[PDB]
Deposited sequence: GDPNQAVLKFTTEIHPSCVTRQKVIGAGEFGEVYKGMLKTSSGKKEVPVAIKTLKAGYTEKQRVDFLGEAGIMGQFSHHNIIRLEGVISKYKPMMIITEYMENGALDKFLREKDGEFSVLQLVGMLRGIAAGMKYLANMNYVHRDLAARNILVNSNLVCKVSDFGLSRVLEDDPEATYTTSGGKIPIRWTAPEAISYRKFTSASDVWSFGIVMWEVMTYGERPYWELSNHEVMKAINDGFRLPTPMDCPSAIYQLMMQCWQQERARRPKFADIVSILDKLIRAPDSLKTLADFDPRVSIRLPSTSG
């Protein structure tokens, strides 16, 4: 990681909360807009270990679809993690505010980017545990980048049941993200309670197809939701399939049947 001097950082707006400090939007000089997570006076030993350990892991990552670390302030207080700023913000909110505005190819391109970032993380032996559209950031080129903190509806059964978090439970979450993207940010399982979601999944029910969804994309998300973890595709399989669908875009024209809930009779 690069050490940044505090005189190069201006905090402007609070945009979130950290584990022991705030997250700001600001500017970095060397101006470029940045996001800034602070660790404030009184933090514990464990919090400092986790904060600097987070900075270190982010510093190791170098991938188009992973949020970029600009640097760290560790020699002065408050300590800070400084990342690039993504002006379109979080993917879940972004899609909900732009309902129906994108082509199928654009949406699938988003998913290919997320999958490539996740393939990289899994290969680097990083298990995310919290993959969801709320943790994806979108830039002004529509590039999606994975982010993380320092979620029953998104979590694979074995991770809920016995705390087995692996890249294969991240694949389950990726399937949910696919459904979030294709529905423009609909809440998975709608108003079902957490217990009702787990009961439905255990009974074998799965989320139905989104409207206007390519058959190939629904098939892929369904295979991410296999109960047996070993049967789920790996991220390499997901990236390969999405890349081939994008490169032969007529493949996306065949749509899965949408189960209408409302039927209107007109002559």
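In this chain the deposited sequence has gaps in the coordinates at 1 to 10, 41 to 45, 166 to 185, 303 to 306, listed in sequence order.
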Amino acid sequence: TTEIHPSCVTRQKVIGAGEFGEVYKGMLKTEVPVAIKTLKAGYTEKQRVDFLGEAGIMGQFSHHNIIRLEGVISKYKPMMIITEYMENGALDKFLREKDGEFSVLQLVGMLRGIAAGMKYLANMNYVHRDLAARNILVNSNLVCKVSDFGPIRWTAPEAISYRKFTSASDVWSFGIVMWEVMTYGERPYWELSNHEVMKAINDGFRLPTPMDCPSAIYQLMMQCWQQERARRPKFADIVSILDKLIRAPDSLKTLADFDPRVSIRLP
From here on, numbers count along this sequence of modelled residues.
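Each form is matched to the other, and the largest set of C-alpha atoms that superpose within 1.5 Å is called the rigid core.
Rigid core fits of the other structures in 9 other deposited structures of this protein place the C-alpha atoms of one stretch farther away on average; of 47 to 55 and 61 to 69, that stretch is 47 to 55.
Relative to the shown model and aligned on the rigid core, the C-alphas in 9 other deposited structures of this protein deviate most, among 109 to 117 and 76 to 84, for 76 to 84. Of the other structures of this protein that model both sides of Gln223, every one gives it coordinates; not a third omit it.
Missing-residue comparison: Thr209 falls in the unmodelled set for none of the other PDB entries checked, so it is not missing from a third of them. The question of which stretch, 175 to 183 or 189 to 197, has the higher mean Cα B factor is settled in favour of 189 to 197.
Averaged over CA atoms, B-factors in the entry run higher in 82 to 90 than in the other of 128 to 136 and 82 to 90. Within the group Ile238, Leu207, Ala216, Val32, the record's highest C-alpha temperature factor is found at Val32. Among all modelled residues in this chain, the alpha-carbon of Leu142 has a temperature factor (C-alpha) in the middle third. When the CA B factors of the chain's modelled residues are split into thirds, the value for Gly71 lands in the middle one. In the PDB entry, a CA B factor belonging to the lowest third of its chain's modelled residues is recorded for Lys234. Looking at the C-alpha B-factors along this chain, the one for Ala115 belongs to the lowest third. Per the PDB record, residue ranking by Cα B-factor puts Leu242 in the lowest third of the chain.
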